[PDB]
Amino acid sequence: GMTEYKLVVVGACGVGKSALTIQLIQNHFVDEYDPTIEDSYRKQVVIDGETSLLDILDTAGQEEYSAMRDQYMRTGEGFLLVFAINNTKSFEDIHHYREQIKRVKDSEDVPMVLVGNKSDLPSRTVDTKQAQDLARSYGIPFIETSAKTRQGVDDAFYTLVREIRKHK
Ligand SMILES: CCC(=O)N1CCN2c3c(cnc4cc(-c5c(C)ccc6n[nH]cc56)c(Cl)cc34)OC[C@H]2C1
Ligand SMILES: Nc1nc2c(ncn2[C@@H]2O[C@H](COP(=O)(O)OP(=O)(O)O)[C@@H](O)[C@H]2O)c(=O)[nH]1
Ligand SMILES: [Mg+2]
């Protein structure tokens, strides 16, 4: 039948990993979503005429290492590294998430997409050029997104699925 793509969404607390995922799946913006809930969500989509089942792990809880998390990253086929465009700290943190994923995959060609979320906000502290330059250095696409307006949301996840396809 149809292909499954195991996607993992990573990034600092409060960048809108949950909000991106609920927007994608349910078409609503959640103004407040339990910061602690870490769960996988499944949704069937059409991408370039191919029917695709996405299984999306939305990370949350606490800053702690677990062999369970290593297992989710190990099974994960592709990653969305999410920061918020009004939060330089979340941008500085991208490095750390990407390093942990590489730690477990023990490899360099892992499908990933850099995502600058909350693009609906006027109060930017990370310029597009900076994020572009980072994504160039990582060898991965950059997509600006807004969970609130939906701008870029389908593009982000579809781009990651195409990145997984290009690798497989
Ligand atoms: C509002 C709360 C929130 O959103 N979070 C999401 C992120 N979470 C994390 C951090 C910092 N480092 C993290 C590292 C890993 C992680 C990766 C990426 C890969 C392999 C791993 N093995 N064990 C842990 C691993 C993960 Cl899943 C989560 C982290 O700070 C905030 C906290 C809670
Ligand atoms: N303006 C705006 N707010 C957002 C957006 N994405 C998430 N938020 C808000 O930022 C907060 C954190 O979002 P959440 O999805 O819980 O962050 P997570 O901790 O990364 O799961 C919530 O109050 C969300 O409404 C966005 O694209 N634009
Ligand atoms: Mg969340």
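Residues numbered from 1 in each chain as written, not as in the entry; some residues may be left out. Chains lettered and ligands numbered in written order. Heavy atoms only, no water.

- The deposited coordinates, according to the entry record, derive from X-ray crystallography at 1.7200 Å resolution.

**Remarks on the overall build of the chain**
And then number 1: Counting its regular elements, the chain contains five helices and six strands.
And then number 2: Its helices and strands in sequence order give the chain the pattern β-α-β-β-α-β-α-β-α-β-α, from N to C terminus.
And then number 3: Relative to the globule expectation of 15 Å for 168 residues, the C-alpha radius of gyration of the chain, 15 Å, shows essentially globular dimensions.
And then number 4: On the principal axes, the C-alpha backbone points of the chain span a range of 45 × 35 × 30 Å.
And then number 5: Expressed as a percentage of the 168 residues in the chain, the buried residues total 48%.
And then number 6: Counted over contacts in the chain with a minimum sequence separation of 6, partners at least 24 positions apart contribute 72%. (Helix = DSSP H or I, 4+ residues; strand = E, 2+ residues; numbered from the N terminus. Rg over C-alpha atoms; globule rule 2.2 N^0.38 Å. Buried < 20%, exposed > 50% of the residue type's maximum accessible area, 1.4 Å probe, protein only. Contact = heavy atoms within 4.5 Å.)

**What to know about the site of ligand 1**
And then number 1: Around ligand 1, the surrounding shell holds 18 residues, and the nearest of these are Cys 13, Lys 17, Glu 63, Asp 70 and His 96.
And then number 2: One of the backbone nitrogen or oxygen atoms of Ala 60 is found 3.4 Å away from a nitrogen atom of ligand 1.
And then number 3: In this structure, a nitrogen atom belonging to ligand 1 sits 3.0 Å away from a side-chain N or O atom of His 96.
And then number 4: With the chains in place, 94% of the 640 Å² that ligand 1 exposes on its own is no longer accessible.
And then number 5: With respect to the pocket detection grid, ligand 1 is positioned in the largest pocket.
And then number 6: When residues of the shell around ligand 1 are traced back to their parent elements, those giving at least two are α2 (67-75) and α3 (88-105).
And then number 7: Take the shell around ligand 1: its biggest share by element is four residues, from α3.
And then number 8: Taken together, the residues of the shell around ligand 1 break down into six nonpolar, six polar and six charged. (Near = heavy atom within 4 Å. Polar contact = N/O pair within 3.5 Å; in protein donor to acceptor, adjacent residues only side chain to side chain. Areas by Shrake-Rupley, 256 points an atom, 1.4 Å probe, with all protein chains shown as cover. 1 Å grid on protein atoms, 1.4 Å probe; cavity = no way out; pocket = protein on both sides within 12 Å on 5 of 7 lines; lining within 4 Å. Sits in = over half its atoms within 2 Å of the grid points. Nonpolar A, V, L, I, M, F, W, Y, C, P; charged D, E, K, R; others polar.)

**Thoughts on the nonpolar core**
And then number 1: Judged by nonpolar contacts, the single largest core of 27 residues is most densely connected at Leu 7, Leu 54, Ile 56, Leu 80 and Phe 157.
And then number 2: With seven residues, helix α5 (residues 153-167) is the single largest residue contributor to this core.
And then number 3: Counting residues in hydrophobic clusters, the runner-up holds 22 residues, among them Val 8, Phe 79, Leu 81 and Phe 91. (Core = buried A, V, L, I, M, F, W, Y, C linked by side-chain atoms within 4.5 Å.)

**So, the pairing of strand β4 (residues 78-84)**
And then number 1: When you tally the buried positions in β4, you get seven out of seven residues, the bulk of the element.
And then number 2: Of the two faces of β4, the one lined by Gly 78, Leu 80, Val 82 and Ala 84 and the one lined by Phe 79, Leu 81 and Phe 83 are each fully buried.
And then number 3: Here four bridges tie strand β1 (residues 3-10) to β4, and the two strands are oriented parallel to one another. Counterpart to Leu 7 in the pairing with β4 is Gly 78.
And then number 4: Relative to strand β5 (residues 112-117), β4 runs parallel, the two sharing six bridges. Each bridged residue has a counterpart across the sheet, and for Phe 79 the counterpart in β5 is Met 112.
And then number 5: For the segment spanning β4, α3 and β5, crossover handedness is right-handed. (Pairing = 2+ DSSP bridges. Right-handed = clockwise from strand over helix to strand, strands pointing away.)

**Quick notes on the site of ligand 2**
And then number 1: Contacts to ligand 2 come from 19 residues, most closely from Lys 17, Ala 19, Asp 31, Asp 120 and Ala 147.
And then number 2: One of the backbone N or O atoms of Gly 14 is found 2.9 Å from an oxygen atom in ligand 2.
And then number 3: In the model, an oxygen atom of ligand 2 is placed 3.3 Å from a nitrogen or oxygen of the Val 15 main chain.
And then number 4: In isolation ligand 2 has 580 Å² of accessible area, and contact with the protein removes 86% of it.
And then number 5: More than half of the atoms belonging to ligand 2 lie within 2 Å of the grid points that define the largest pocket.
And then number 6: Residue contributions to the shell around ligand 2 peak at three residues, all from helix α1 (residues 17-26).

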